[PDB]
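[1] one piece of my complex first, more on the way:
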Amino acid sequence: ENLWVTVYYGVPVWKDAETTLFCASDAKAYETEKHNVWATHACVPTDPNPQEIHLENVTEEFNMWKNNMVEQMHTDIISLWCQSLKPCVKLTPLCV
Amino acid sequence: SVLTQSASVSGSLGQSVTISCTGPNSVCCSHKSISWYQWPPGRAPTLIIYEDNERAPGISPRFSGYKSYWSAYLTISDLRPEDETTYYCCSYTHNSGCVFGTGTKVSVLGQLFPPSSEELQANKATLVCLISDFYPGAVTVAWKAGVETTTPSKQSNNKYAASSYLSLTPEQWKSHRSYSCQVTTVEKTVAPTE
Amino acid sequence: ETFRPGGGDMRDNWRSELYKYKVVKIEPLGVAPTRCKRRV
Amino acid sequence: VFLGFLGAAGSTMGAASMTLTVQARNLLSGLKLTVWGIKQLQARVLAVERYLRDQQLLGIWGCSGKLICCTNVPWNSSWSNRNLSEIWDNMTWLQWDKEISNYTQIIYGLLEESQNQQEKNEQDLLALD
Amino acid sequence: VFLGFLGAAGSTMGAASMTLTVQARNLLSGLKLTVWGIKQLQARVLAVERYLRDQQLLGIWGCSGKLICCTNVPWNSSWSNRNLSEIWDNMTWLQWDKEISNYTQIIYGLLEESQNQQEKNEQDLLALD
């Protein structure tokens, strides 16, 4: 009846956090390019059979308005918009 | 009921008391689990022991249970004033339900209003002889020159109370000199002249 | 009350699809009690 | 059955103690000059840091078995005051960590001590023979 | 006590043999387009390389326990010619490594051999039953 601690490795324990997410697009997105795709240059091919596990008895609290994957997406899109026009022809000797 | 307990059992304060819980082989106690409940009349019951072994959450260690092959027992050590109540047992399993018992009363040993003026305009007259704060719960009420008397009920302070009423007519209000409520021995007497 | 189109901030354009998702880190270390001791 | 990754996240600790080899499986791993390369790389190293952070603790503790384990540290009642059949059949791992989050670091100190102490003690038994 | 990280760096090998779980604890882990990101990243990977370099040797040797360990390799006198109570009570780890730096690689060869040899030998005992 005297209890002892016992270590467990692999417990469904998570906490809300923010990391660097990456992209993923089909193999066809990498196909349709004459340097024409504005992003897919270095995107990971998506898993052919995505898997969605339903977590029964689980009730998690969401908050769309203070979610960070949005900030990552937008600032990344901004940076991609930027970077796609650096090596392109500059019209400085215009404005005549 | 098919599950039979001890009709009554007693014990003195600071002592122990065992309550039995027996029945046929189909209900007790081979391949069966036993649970106990503290059930105050008029209030919600409380789980004490579950799985004929293990005390409910928040229960003091003063209780203990034990199941044999034919019957189960609940030993309550160090009796308290608030333990004088009814204790039921149930026999159950994982699939089937509960079969309650007959009940065991545990005994811990070693321890007038006049009719209003609005009622006289109805008109009727009923005098109210209320009883409170007595132990043990066994009293007798007599009337002296519509008789009703309740049974002794345990209060929220571990004491007993009751109440007896007598209905009288308005003609007898100015025709009788006085009336008495005897309670065994105290006695209260009213003179109905306003 | 009258309602008029708005915008300006385009993060909304993404909140319209990232309203049903959220990120979580995994911390798989959990200790629990049980009447078990490893011998010496 | 195989409920999959994090299948038993809403289940009792006793029912989720069966699926510890699944959450451990998918815990490590299931390009020109760009910005996604680093986007994936810094995440691909954080994966390793988050894995070995756990593994070094699991190693400096008495149990490199990496599944389940018992320890010679008495469960200090002051931590929970709850019952064996009232947590393993009536509480979820998340809820449980929610209770014990306060004392987690303390427990880690005690495990590291007990383990270093056991190993130092076993060398003395091995040296006399 | 807890003298902290590298507390017993000037202490005798016997007194520093008590603080092996502390130096192992702080041995692994206690941002826009820039030059510091890589500055930290290449260091954050060198940490891992320097850790696993040790761990693979500790694994291919007989002892993945990661604290202290004994081995079935006779201490070849030619290496030191010093005494048990004259190193564990009269010499510091740094000084000791300063003596044995010459033969360290040799010893590693012998440990790898002894361990592979033991494991091959134990499979034959397990196969007859």
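    Perfect, I can see it now. Numbers count the residues shown, from 1 in each chain, chains lettered A, B, ... in the order given.
[2] how much space separates the residue in chain C that chain E sits nearest to from chain B?
    Closest to chain E within chain C is residue C:38: 13.8 Å, counting by CB to the nearest CB. Every residue, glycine included, has its C-beta placed from N, CA and C. Here residue C:38 is placed at a distance of 26 Å from chain B (CB to the nearest CB, to the nearest Å).
[3] grab the nearest non-local neighbour of that residue.
    residue D:70 (4.6 Å; CB to CB, 6 or more residues apart in numbering or on different chains).
[4] my guess is the one you found meets residue C:31, correct?
    No - counting by CB atoms under 8 Å, residue D:70 stays clear of residue C:31, with 10.6 Å between them.
[5] ok, these two, which is more surrounded?
    The residue with more neighbours, out of residue D:70 and residue C:31, is residue C:31; 23 against 17, by other CB atoms under 10 Å in any protein chain shown.
[6] contacting residues for the closest residue to the more buried one other than its chain neighbours?
    Take residue C:31 and drop its neighbours on the chain: the residue closest to it by CB to CB, 6+ apart is residue A:5, 5.1 Å away. Contacts for residue A:5 (CB atoms under 8 Å, 6 or more residues apart in numbering or on different chains) come out as C:31-33, D:70-71, D:73, D:75, D:107, D:111.
[7] residue C:26 and residue A:13 touch, don't they?
    Yes - at 7.0 Å, residue C:26 counts as touching residue A:13 under the criterion of CB under 8 Å.
[8] and chain F on top of that:
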Amino acid sequence: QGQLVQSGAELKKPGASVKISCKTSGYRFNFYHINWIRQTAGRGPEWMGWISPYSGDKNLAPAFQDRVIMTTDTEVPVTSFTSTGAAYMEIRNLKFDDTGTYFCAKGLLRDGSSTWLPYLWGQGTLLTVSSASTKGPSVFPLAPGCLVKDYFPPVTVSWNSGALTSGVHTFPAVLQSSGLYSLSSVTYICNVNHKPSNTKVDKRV
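    With chain F added, the chains above now look like this:
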């Protein structure tokens, strides 16, 4: 850990049906069973059945197999680990042997052999099966509390809207030879509510 609250006491004539509700608060409604147990003053305490909200698993007794129907709503969460819900139980072939008190009860655990075992209970609803009709209470001030003389559906008694709670002694009623109950209790404002009659009366003493 939770809090079980039930609907009110009703007078329903035999034969007719009745539906008792049991609203919850303070825990995952779907994580534990809901048991229904009655107590009538002649047979004794009696279990009738239980239900599992998450799944929809029932198990009535052979006696109530043929005239009872349990129903369960859905769970509205409040936090990640608590919610609110409600459970109903409908009786149909009302007999005189169906008068007394009726309690809903919370399960104990989630797995094992004692998962449905009633642990936490409600306040219990008083059901009265009689062909006699409802009569409201005739409250009277007591010459130096209040006096409930004639009623018949169970009486509540507060003070100054529930302010003067200390020193209050309410006593049980008495069963007259007419079937009526009568109890007594002792800015003075005793609030006597009588929901079966749908009458709330506040009296000054």
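[9] ok, residues contacting stretch F:80-88?
    Residues contacting stretch F:80-88 (CB under 8 Å, 6+ apart): A:59-61, D:92, D:94-95, D:98, F:19-30, F:34, F:51, F:53, F:70-78, F:104.
[10] ok, 7 Å please
    A:59-61, D:95, F:19-29, F:34, F:51, F:53, F:71-73, F:75-78, F:104 (CB atoms under 7 Å, 6 or more residues apart in numbering or on different chains).
[11] same thing with stretch A:74-83?
    With CB under 7 Å, 6+ apart, stretch A:74-83 has contacts from A:38-39, C:10-11, C:14, D:35.
[12] counting only helices, which of these make the cut?
    In helices, judged by DSSP state H, the following of these are found: C:11, C:14.
[13] now, which of the contacts of stretch A:74-83 lie close to chain E?
    Among the contacts of stretch A:74-83, no residue sits close to chain E (CB under 7 Å from any CB of the partner chain).
[14] would you list the buried entries among the contacts of stretch A:74-83?
    The neighbour count (16 or more other CB atoms under 10 Å in any protein chain shown) marks A:39, C:14 as buried among the contacts of stretch A:74-83.
[15] in a markdown table: the contacts of stretch A:74-83, plus distance to residue B:183.
    Output for those, formatted as a markdown table (distance: CB to CB, whole Å):
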| residue | distance to residue B:183 |
| --- | --- |
| A:38 | 98 |
| A:39 | 94 |
| C:10 | 86 |
| C:11 | 81 |
| C:14 | 82 |
| D:35 | 94 |
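[16] chain G should go on the structure too:
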Amino acid sequence: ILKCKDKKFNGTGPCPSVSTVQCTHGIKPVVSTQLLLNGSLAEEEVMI
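    Okay, here's chain G dropped in alongside the others:
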């Protein structure tokens, strides 16, 4: 990445039916201002 599987969900609060996934569905980065285009339709009743 946890994905709420509730048909009527205003984005804030507990989600009764949650599932998990590794990568979200195909989210096209459409740049508009007043009207959202080629987006994900709601389920049953329109969503606010």
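[17] please re-evaluate the contacts of residue A:5 in the presence of chain G.
    C:31, C:33, D:71, D:73, D:75, D:107 are the contacts of residue A:5 under CB under 7 Å, 6+ apart.
[18] cool, and residue F:70?
    By CB under 7 Å, 6+ apart, the contact list for residue F:70 reads F:36, F:49, F:51, F:58, F:89.
[19] what is the nearest of these to chain D?
    residue F:51 (18.7 Å).
[20] dig out what that closest one forms beta bridges with.
    Beta-bridge partners recorded for residue F:51 (DSSP bridges): residue F:34, residue F:58.
[21] surely it is in contact with residue F:34?
    Yes - counting by CB atoms under 7 Å, residue F:51 touches residue F:34, with 5.3 Å between them.
[22] dihedrals phi and psi, residue A:68?
    phi -90, psi -30 (degrees, to the nearest 10).
[23] could you find the closest non-adjacent residue to it?
    residue A:18 (4.4 Å).
[24] what about that neighbour, how many neighbours?
    12.
[25] which positions in chain G make contact with chain B?
    Counting by CB under 7 Å from any CB, no residue of chain G is near chain B.
[26] and chain G, which of its residues are near chain C?
    G:1-4, G:11, G:24, G:27, G:30-34, G:36, G:39-40.
[27] now do stretch F:13-28: distance from first to last residue.
    36 Å (CA to CA, to the nearest Å).
[28] please name the nearest non-neighbouring residue to residue B:66.
    Spatial nearest neighbour of residue B:66, excluding adjacent residues (CB to CB, 6+ apart): residue B:73 at 5.1 Å.
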